[PDB]
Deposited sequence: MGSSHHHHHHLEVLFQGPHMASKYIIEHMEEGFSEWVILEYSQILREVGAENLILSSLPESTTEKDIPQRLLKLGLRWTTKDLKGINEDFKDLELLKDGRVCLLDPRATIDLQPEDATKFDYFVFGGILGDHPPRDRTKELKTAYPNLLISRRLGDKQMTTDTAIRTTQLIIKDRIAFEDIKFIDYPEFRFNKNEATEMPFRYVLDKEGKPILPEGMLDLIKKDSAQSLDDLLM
């Protein structure tokens, strides 16, 4: 049969450079949330190890239609005909150490938004800089405020700024929220989270259950 080889993909893009070994439960929950929020057609998981095959991708992510590749930023265009050439200046790296905060007018300046697929540590190990130094002529950096976010929070904030055109200063965050389940067990999450319409921090589905 010849009809299922169709390049239907042709009919803002988010790129996560996977920088973890394998897929921990937390990574799977975060990536799942990202897929649900930006859509499988608008997300690329890149830079997976060269030995990566479909059996190495978690079934929770494949079920959501994850588009993934072992190519890095410079090779992605070979793999997806639908991805506009990643070109110098039009690719934004979201970087906690950028000088300039992302603003809605940056929607006119960039076509691709790149994030480290990193489970951040505290203190940060500044691994996102690796990305900036790996592609010195491709990427232009933008910040999302002065506090570390998880990958799914950073993508959610970027979508609020770029698609919904909301200024960074207008986004309601909660910094380092505590989740207490009894008078003796509590967990403070050392990241900045977006607040939902109900005043609660937005976490990936199942994250709360995992923390407890």
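- According to the record, the deposited residues with no C-alpha atom in the structure span 1-3, 15-21, 223-234.
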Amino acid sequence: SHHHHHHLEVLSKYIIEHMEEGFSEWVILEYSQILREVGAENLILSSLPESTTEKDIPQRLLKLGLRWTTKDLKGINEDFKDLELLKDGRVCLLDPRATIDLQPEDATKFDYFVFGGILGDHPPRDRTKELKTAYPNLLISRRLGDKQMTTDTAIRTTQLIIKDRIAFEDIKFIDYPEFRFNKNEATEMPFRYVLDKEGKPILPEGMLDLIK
From here on, numbers count along this sequence of modelled residues.
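We call the rigid core whatever largest set of C-alpha positions still superposes within 1.5 Å between the two forms.
- Superposing the other copies on the rigid core and comparing 25-33 to 174-182, farther C-alpha placement in 4 other deposited structures of this protein marks 174-182.
- Of the other structures of this protein that model both sides of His122, a third or more give it no coordinates.
- Of the two segments, 13-21 and 196-204, the one listed with the higher mean B-factor is 196-204 (C-alpha atoms only).
- Here 153-161 and 33-41 are compared by their mean Cα B-factor, and 33-41 comes out higher.
- The maximum CA B-factor among the listed residues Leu85, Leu102, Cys92, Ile118, taken from the PDB record, is found at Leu85.
- Based on the entry's C-alpha B-factors, the most elevated value among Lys147, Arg60, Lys183, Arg67 belongs to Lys183.
- In this PDB entry, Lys55 carries a Cα temperature factor that places it within the highest third of its chain's modelled residues.
- Residue-level temperature factors show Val114 in the lowest third of its chain, judged at the C-alpha atom.
- In the deposited entry, the Cα temperature factor of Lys71 sits in the bottom third of values across the chain's modelled residues.
- When the modelled residues of the chain are ordered by their C-alpha B factor, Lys132 lands in the middle third.
- Ranked by C-alpha B-factor against the other modelled residues of its chain, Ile140 falls in the lowest third.
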